[PDB]
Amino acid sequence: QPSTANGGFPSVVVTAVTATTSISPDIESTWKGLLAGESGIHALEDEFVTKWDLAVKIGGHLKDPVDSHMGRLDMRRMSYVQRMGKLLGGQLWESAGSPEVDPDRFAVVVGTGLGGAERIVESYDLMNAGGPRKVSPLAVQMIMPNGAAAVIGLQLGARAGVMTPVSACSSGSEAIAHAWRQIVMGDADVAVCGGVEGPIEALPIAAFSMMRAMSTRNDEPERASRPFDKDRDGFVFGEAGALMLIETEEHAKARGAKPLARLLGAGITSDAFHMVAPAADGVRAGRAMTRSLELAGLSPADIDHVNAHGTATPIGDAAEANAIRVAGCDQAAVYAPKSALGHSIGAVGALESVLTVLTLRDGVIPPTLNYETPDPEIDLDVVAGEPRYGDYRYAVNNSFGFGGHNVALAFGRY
């Protein structure tokens, strides 16, 4: 049985990371802000909040809007997530030293949750005004959900596959999983992978608010997202996009790249329980964690840290606590970054994978914000109050998305 530990899979390392968040456009500044206890969540100033008198009046827009970096041409021929992908793809490649890699061994896997939905809705209009020949001959390349991965693959020259997984909140983690598979099966030696997602808008707020999935603690926006806290009342949206560069350790060594961490294994399972709610028993979600350990060659006792999915919904956090127990990982130090960064559906698993890498690199876990009253049904070791410095050797990042899509990624310190 091949595993990373027994050499049956090639060693795969993370060599570069990039992200834009509600705290900062600079991932190292986001990290410093997280360690300092900062929140990206604020009162929403968007006109659509007062227009609709939305029950949710809080969220985290990007600190640095993507389109402040976009000229008129890009604004007209790319969807938002394509522009985000172009921005992050170029930043990542620069952070990696702009390496010259073999295109035929270079893959791109970028997930999204909702996708380029704004250009589809926009293409109807204009046609209803000027007919079919009005429709921008660029419409096809802006409307389909693989558009962001396609842009990045074309931008960076990836000819070993350009893939887009769609699994709601787990899309960005699942993308990293498939990139890892593409390398360990021998199809690629290097891959850009992660997730992108559109900005906070009225329709997603209304759709998820109508499920009672979202916090309405509008008076104290920074205190609203309370993963695993007894007083939690749902998730908060916080915008993000994130990409990482992974490659075989041999490929990194050959080009002088310094690894930030090891990507050791990935598990993908499904609840087949409900179209939006997670299974209360946490069993299939825990088994995604177990599968990542099997492929890494690790035991539950090796796992020092879990970067929780931790959305702060009542049922979601309870399910994940059961999952962590099922996987034998309930002695791990737990961080719930959505406490500070909010939920970004298709991007957030990639963002949290980057955070897991930084936790292993720096030996420190930021505090879970607003964790003030342990929930009795949640008996987890949640890092809180101030950063916990620790000898974290191995970690699992969880992403358990709406629909029961479970992705767990196993990382190790380099």
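Residue positions are given as counts along the sequence shown, with the first one as 1.
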(request) Decide which of the stretches 308-316 and 212-220 has the higher mean C-alpha B-factor, going by the entry. (result) 212-220
(request) Would you mind comparing 110-118 and 328-336 for me and telling me which has the higher average C-alpha temperature factor in the entry? (result) 110-118
(request) Among 274, 159, 178, 72, single out the one with the highest C-alpha B factor in the record, please. (result) 72
(message) Highest recorded C-alpha temperature factor, please, choosing from 190, 193, 293, 203.
(response) 203
(request) Among all modelled residues of this chain, ranked by Cα B factor, put residue 197 in the bottom, middle or top third, i.e. lowest, middle or highest. (result) lowest
(message) Ranking every modelled residue in this chain by its Cα temperature factor as given in the entry, which third contains residue 251?
(response) middle
(message) Splitting the chain's C-alpha B-factors into thirds, which one does residue 59 fall into?
(response) lowest
(message) Sorting by Cα B-factor within the chain, modelled residues only, which third would residue 238 end up in: lowest, middle or highest?
(response) lowest
(request) Ordered by C-alpha B-factor within the chain, which third holds residue 103? Give me lowest, middle or highest, please. (result) middle
